[PDB]
Amino acid sequence: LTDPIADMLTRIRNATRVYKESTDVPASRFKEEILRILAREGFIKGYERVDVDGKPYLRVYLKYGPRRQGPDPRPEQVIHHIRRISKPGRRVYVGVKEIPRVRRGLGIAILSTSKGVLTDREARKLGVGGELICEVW
Amino acid sequence: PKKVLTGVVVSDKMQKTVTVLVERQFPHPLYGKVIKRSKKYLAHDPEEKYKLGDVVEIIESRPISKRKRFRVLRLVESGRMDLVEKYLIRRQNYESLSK
Amino acid sequence: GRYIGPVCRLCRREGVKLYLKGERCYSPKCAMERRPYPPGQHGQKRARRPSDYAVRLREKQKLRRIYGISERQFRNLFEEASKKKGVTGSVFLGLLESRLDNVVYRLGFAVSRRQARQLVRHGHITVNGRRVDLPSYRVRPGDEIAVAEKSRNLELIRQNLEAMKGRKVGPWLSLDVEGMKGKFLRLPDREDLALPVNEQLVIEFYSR
Amino acid sequence: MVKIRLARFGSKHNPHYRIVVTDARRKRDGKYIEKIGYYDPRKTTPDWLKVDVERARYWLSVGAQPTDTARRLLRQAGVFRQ
Amino acid sequence: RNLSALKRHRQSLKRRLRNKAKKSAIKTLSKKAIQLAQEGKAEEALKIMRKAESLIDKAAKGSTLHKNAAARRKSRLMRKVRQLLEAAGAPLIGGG
Amino acid sequence: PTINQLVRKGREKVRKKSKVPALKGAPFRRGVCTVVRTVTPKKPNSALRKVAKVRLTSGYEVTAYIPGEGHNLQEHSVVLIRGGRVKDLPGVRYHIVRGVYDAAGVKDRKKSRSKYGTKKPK
RNA sequence: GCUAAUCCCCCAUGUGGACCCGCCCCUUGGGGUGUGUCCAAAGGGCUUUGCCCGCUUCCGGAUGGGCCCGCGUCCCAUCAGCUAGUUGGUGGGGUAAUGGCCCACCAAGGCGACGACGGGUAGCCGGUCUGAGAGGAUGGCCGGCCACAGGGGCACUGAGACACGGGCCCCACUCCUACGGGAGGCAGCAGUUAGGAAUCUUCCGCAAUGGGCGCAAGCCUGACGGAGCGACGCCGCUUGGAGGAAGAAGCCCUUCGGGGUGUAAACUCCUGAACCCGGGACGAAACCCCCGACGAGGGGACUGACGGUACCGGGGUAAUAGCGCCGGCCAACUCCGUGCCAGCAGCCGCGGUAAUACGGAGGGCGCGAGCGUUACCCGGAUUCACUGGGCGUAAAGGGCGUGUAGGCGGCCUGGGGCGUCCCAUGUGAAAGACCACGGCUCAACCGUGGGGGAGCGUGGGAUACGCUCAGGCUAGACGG
RNA sequence: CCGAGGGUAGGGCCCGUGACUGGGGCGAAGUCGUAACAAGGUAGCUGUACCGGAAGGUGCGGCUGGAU
Ligand code: SF4
Ligand SMILES: [Mg+2]
Ligand SMILES: [Mg+2]
Ligand SMILES: [Mg+2]
Ligand SMILES: [Mg+2]
Ligand SMILES: [Mg+2]
Ligand SMILES: [Mg+2]
Ligand SMILES: [Mg+2]
Ligand SMILES: [Mg+2]
Ligand SMILES: [Mg+2]
Ligand SMILES: [Mg+2]
Ligand SMILES: [Mg+2]
Ligand SMILES: [Mg+2]
Ligand SMILES: [Mg+2]
Ligand SMILES: [Mg+2]
Ligand SMILES: [Mg+2]
Ligand SMILES: [Mg+2]
Ligand SMILES: [Mg+2]
Ligand SMILES: [Mg+2]
Ligand SMILES: [Mg+2]
Ligand SMILES: [Mg+2]
Ligand SMILES: [Mg+2]
Ligand SMILES: [Mg+2]
Ligand SMILES: [Mg+2]
Ligand SMILES: [Mg+2]
Ligand SMILES: [Mg+2]
Ligand SMILES: [Mg+2]
Ligand SMILES: [Mg+2]
Ligand SMILES: [Mg+2]
Ligand SMILES: [Mg+2]
Ligand SMILES: [Mg+2]
Ligand SMILES: [Mg+2]
Ligand SMILES: [Mg+2]
Ligand SMILES: [Mg+2]
Ligand SMILES: [Mg+2]
Ligand SMILES: [Mg+2]
Ligand SMILES: [Mg+2]
Ligand SMILES: [Mg+2]
Ligand SMILES: [Mg+2]
Ligand SMILES: [Mg+2]
Ligand SMILES: [Mg+2]
Ligand SMILES: [Mg+2]
Ligand SMILES: [Mg+2]
Ligand SMILES: [Mg+2]
Ligand SMILES: [Mg+2]
Ligand SMILES: [Mg+2]
Ligand SMILES: [Mg+2]
Ligand SMILES: [Mg+2]
Ligand SMILES: [Mg+2]
Ligand SMILES: [Mg+2]
Ligand SMILES: [Mg+2]
Ligand SMILES: [Mg+2]
Ligand SMILES: [Mg+2]
Ligand SMILES: [Mg+2]
Ligand SMILES: [Mg+2]
Ligand SMILES: [Mg+2]
Ligand SMILES: [Mg+2]
Ligand SMILES: [Mg+2]
Ligand SMILES: [Mg+2]
Ligand SMILES: [Mg+2]
Ligand SMILES: [Mg+2]
Ligand SMILES: [Mg+2]
Ligand SMILES: [Mg+2]
Ligand SMILES: [Mg+2]
Ligand SMILES: [Mg+2]
Ligand SMILES: [Mg+2]
Ligand SMILES: [Mg+2]
Ligand SMILES: [Mg+2]
Ligand SMILES: [Mg+2]
Ligand SMILES: [Mg+2]
Ligand SMILES: [Mg+2]
Ligand SMILES: [Mg+2]
Ligand SMILES: [Mg+2]
Ligand SMILES: [Mg+2]
Ligand SMILES: [Mg+2]
Ligand SMILES: [Mg+2]
Ligand SMILES: [Mg+2]
Ligand SMILES: [Mg+2]
Ligand SMILES: [Mg+2]
Ligand SMILES: [Mg+2]
Ligand SMILES: [Mg+2]
Ligand SMILES: [Mg+2]
Ligand SMILES: [Mg+2]
Ligand SMILES: [Mg+2]
Ligand SMILES: [Mg+2]
Ligand SMILES: [Mg+2]
Ligand SMILES: [Mg+2]
Ligand SMILES: [Mg+2]
Ligand SMILES: [Mg+2]
Ligand SMILES: [Mg+2]
Ligand SMILES: [Mg+2]
């Protein structure tokens, strides 16, 4: 496994697309800090540290919209979109002045900075930059 | 200031001179990724005290010879032959890239 | 220079009276009153559906034909508007308006912009005192647009000054007849002019 | 020596010099060492002359030599008032 | 077809004479003195060495030697003479 | 390709192949005609196209089109040429400029006259 | 053969400065000090026991430079190996100065897939052009650096040159001549010729800015300031304006009733480019002279190539329009002629007797002292794709393993802080560009002010992710 | 001594050109046949090999991208 982070985000996207209530990803005090952004910003209900076969995991509680009318009754997603930016193949770093506005504000860019994991909004607030972990909307 | 660089000694087969290999990273100007590039400096060692495997710092200095414009500033670590291997194995591999 | 030919065919092609003459524009001897179909052998033939391209060309040509201005000059203004702050469609109409010869025709000193040119060109006009005979002078707020003293006493300008006495003049202008002088109050809000131009279609012409 | 003089900018029949400190061996309109004011011989605006006077005294203090018709525009701005 | 650049060449030729002339002597003497100091012959070496040192600094007054050349020439003279005398010694006059 | 692959090999800016080499970077080039004659065009056309083989100041010898109805070109006719092939006569890649050197304009053109070096009439 | 000097030399004089040795600070050859040694000079002019311009040695400044280092700088790997002054060392030579820059000896090294060596192409930058941007393309004019001065080599003079209009030599070419001999170097401004698709007057002036010499008067200045030619470009302006028929003639169409050109013309009136007449600049106030003190300061005078031009006044004539296109893309349609011919053509395609596609015509569309064509650059081209593409069948998975370099890499904890991120500060010239204002009647053009940036140096700071060191783990992997 | 260059001798790369020659592209108004496309009238294609005026054929092995 070469990208624990992408692996997580993908475990989610994959789950969210068949409408699972939850899905578990292998635990990391960094992966957590990202989920701590994902829930706070209201993309997930939240997470809890559980265990599977003795091994530390993060069970992640997924969130969607109403049932819908039409021949396809499947609800809208709350996480419509989530994708790595920086990767191990190509680390992506931004100064504060060049942090992107995801989707006109309606989405976020989580970022690892030396003031911890922030959103665009949060980063610009404390006025620091860093590795741009990913984007969600 | 006088530019200072840190690197491994890869040759001591000269008298009063060592070859110090300095490495650096930098984002690719277009493709973003952090990439390494390295370069050998001939460093003045009047004392023949620096040896193969030494990780050292060298300081840009007034020219000593053609090609020698750095003196060894000071030792940093001893015995990194594992680096010297990296370099040497690459040179040795060159015998296979010919015709 | 400017167009200088049969001017009625213009209106006829545009399908709209543009008031390019002055007096005759208002009579029933107006071309568009007699033959409101396009000039030449084919105007009576049934029009076929104009292309999108067609449409925007026409709108631009019309706005341009009104001011009798050369296409280069038109263009240079429009660009000027695209660098200038705000809404380009506005500013463009505004900047088209702040031209001397238009202001002069706006303030009524002549019956046609065509006539209002030859007036500026023949040095019969002034701004803030000084004589100006450049039809393209970009007039700013505050500017006093007079008749030449030596030109005040002239038949044509008399007859044309007399026709202005109680005619009201755009919210962005003031006219002091007898005193033969007028004032550029501000740049025109779009509403302040009501030209048969969807100037939006113009921006769209130049974005191809 | 280092000199203080007029570099002609502007355009044809429309002079606009920059009183300027440059090396004597430069070309007229060349790289100057420092700009220190301007001069409009046609006098066509409220301030057709200006001089950083605190500066022009430094360059002088340290050996710059003004041209003739620069000396004047430095007198007229009273860099010489004792 | 004419100039005062001609004049300027005329003079160069003449300065050249005085220069070459001056530099010859300086070398002649330093060598003479280094030669003595090898087989030293202490007093005599030092005698000539002064005569060089004079001649060096004298050329340095003008365009012949740049003063640092003179410095450089002088330094290398003294270094040579002395260290030669150390295989035998001892310094008979001045100096120093 | 991976990002790495691109660090290693880069992307390749691809050059253009000029379609009028004989010009040698010139907008036009002078020449003399060797052969002046007619050529049959390819499917589905049919004609007797007028053509000159021209020897150039640029060392090259090419076939150039002679546009217009009728001309005055023969061997030794000095001619200016311009770029532009004639699609239906393969190998013809250049045009003779009428109205220049020994190539007359078209007698009696009224329309499109500049492209044919025919003067404004009475 | 003669004679002068700010020419040359000798001695004197030593604040100082140079050099060897010692010693103190400093730490590459920086500053100080003691002994020894060595080094200065030119006087000219006034109003003449006093000032001006010089001359000398030292120190600092300022400005201009030399050298050195990090990083950046195109195409071909069908160029993969290159290197004997080669890489290092010791001593010397040389220079302002380090250095294999040069030399002697010694050692056997230096470089290379992070692309050496080789070939090809190109002066580099500020910028310019395009592009939403990223990027691409480009380096003409202006500014900066470099390099060169018929092709080569060389040094001399000098603060500075290995010197475009200085010197030496060799070559190639041309010329002159009295036939013995000798001379040249426009890639300075003009100009000739050749080449070419193609690129200017053998103009005027030092009035202005600048430079050189001079105490100054001033002299020189093809730098420069201007004038000439050329729609080459951009910007500005003209060939008029108002009125004027249910609407002439001519010409085109026509179902022969009419439709078009067209308010277009005529004609009527108004203005008044050009032209004529008068006046007529800004650019020029310093230098100098006067008083004062040859300073500060006040006042006097000279001087304008452009140019009697711009411009101001008065008078005053209706006064150049051309080019492309009209099958679709693409805005603009009918008649005749032609009949797979003549021809058009950027792509698709038009023409074989009713062609909106050829040629002419009427009419129409687009621009207008321009319009078109050819060439080339970016664009459209997300068609080299970083932004921002792809590989079952469209072009595209290596025949398969094994493995070197490389690229990449699980969970937890600490140290370091390289990447990364923040702040401060220096640098980021000027012009250009962007925003504001202002001057030429506008504009173009031009001036003043403002706004920043990447990037790189320096100081400080942060530690999440990447890194690195250190210590744990067992989910990857390996083993029993 | 070094030294522009000159001379001698032998190498390397590149460009132009050459009797003749090999195929290639095109043209098309021709001769010969009909190899592929249908089970294309012998399923096709294929690497190799031998062979034949020519498309091609046959052997060996492979693929189905083969009709029934
Ligand atoms: S409006 Fe005036 S211009 Fe337009 S047609 Fe009627 S008359 Fe002619
Ligand atoms: Mg990305
Ligand atoms: Mg050395
Ligand atoms: Mg109106
Ligand atoms: Mg529309
Ligand atoms: Mg705008
Ligand atoms: Mg209106
Ligand atoms: Mg556009
Ligand atoms: Mg002289
Ligand atoms: Mg001798
Ligand atoms: Mg010298
Ligand atoms: Mg000296
Ligand atoms: Mg055909
Ligand atoms: Mg020829
Ligand atoms: Mg045509
Ligand atoms: Mg005497
Ligand atoms: Mg003495
Ligand atoms: Mg040797
Ligand atoms: Mg040495
Ligand atoms: Mg020197
Ligand atoms: Mg060497
Ligand atoms: Mg490298
Ligand atoms: Mg390569
Ligand atoms: Mg070459
Ligand atoms: Mg070149
Ligand atoms: Mg684009
Ligand atoms: Mg270039
Ligand atoms: Mg160019
Ligand atoms: Mg330049
Ligand atoms: Mg040379
Ligand atoms: Mg030369
Ligand atoms: Mg030449
Ligand atoms: Mg020469
Ligand atoms: Mg010279
Ligand atoms: Mg020379
Ligand atoms: Mg040189
Ligand atoms: Mg020079
Ligand atoms: Mg010359
Ligand atoms: Mg004789
Ligand atoms: Mg001779
Ligand atoms: Mg001559
Ligand atoms: Mg010329
Ligand atoms: Mg010619
Ligand atoms: Mg010129
Ligand atoms: Mg002068
Ligand atoms: Mg002067
Ligand atoms: Mg002087
Ligand atoms: Mg002259
Ligand atoms: Mg009628
Ligand atoms: Mg009618
Ligand atoms: Mg009629
Ligand atoms: Mg009319
Ligand atoms: Mg004046
Ligand atoms: Mg067109
Ligand atoms: Mg178009
Ligand atoms: Mg159409
Ligand atoms: Mg015919
Ligand atoms: Mg017909
Ligand atoms: Mg067509
Ligand atoms: Mg036609
Ligand atoms: Mg124009
Ligand atoms: Mg293109
Ligand atoms: Mg487009
Ligand atoms: Mg692109
Ligand atoms: Mg991509
Ligand atoms: Mg594709
Ligand atoms: Mg496979
Ligand atoms: Mg293989
Ligand atoms: Mg590995
Ligand atoms: Mg790693
Ligand atoms: Mg890790
Ligand atoms: Mg760090
Ligand atoms: Mg900065
Ligand atoms: Mg700037
Ligand atoms: Mg900006
Ligand atoms: Mg203004
Ligand atoms: Mg500015
Ligand atoms: Mg840590
Ligand atoms: Mg570990
Ligand atoms: Mg396991
Ligand atoms: Mg030799
Ligand atoms: Mg040789
Ligand atoms: Mg020779
Ligand atoms: Mg052949
Ligand atoms: Mg078969
Ligand atoms: Mg068959
Ligand atoms: Mg078959
Ligand atoms: Mg077979
Ligand atoms: Mg046979
Ligand atoms: Mg057989
Ligand atoms: Mg098989």
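Chain C uses Swiss-Prot numbers throughout; the residues present, in order, are 2-209.
Method of determination (from the header): X-ray crystallography, 2.9 Å.
Quick reminder: no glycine exception, Cβ is built from N, Cα and C everywhere.
Quick look at what Swiss-Prot annotates:
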- C:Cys9, C:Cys12, C:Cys26, C:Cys31: Zn(2+) binding site (BINDING)
- C:99-161: domain 'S4 RNA-binding' (DOMAIN)
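Residue with the densest Cβ environment among the binding-site residues C:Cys9, C:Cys12, C:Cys26, C:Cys31: C:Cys12, by other Cβ atoms within 10 Å. Within the domain 'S4 RNA-binding' (C:99-161), the DSSP-based counts of helix, strand and coil residues read 26 helix, 10 strand, 27 coil. Residues C:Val8, C:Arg13, C:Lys18, C:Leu19, C:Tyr20, C:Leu21, C:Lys22, C:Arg25, C:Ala32, C:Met33, C:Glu34 surround the recorded Zn(2+) site, their Cβ atoms falling within 8 Å of the Cβ centroid of C:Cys9, C:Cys12, C:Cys26, C:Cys31, which are themselves excluded. Under the three-state DSSP scheme, C:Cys9 (Zn(2+) binding site) falls in the helix class.
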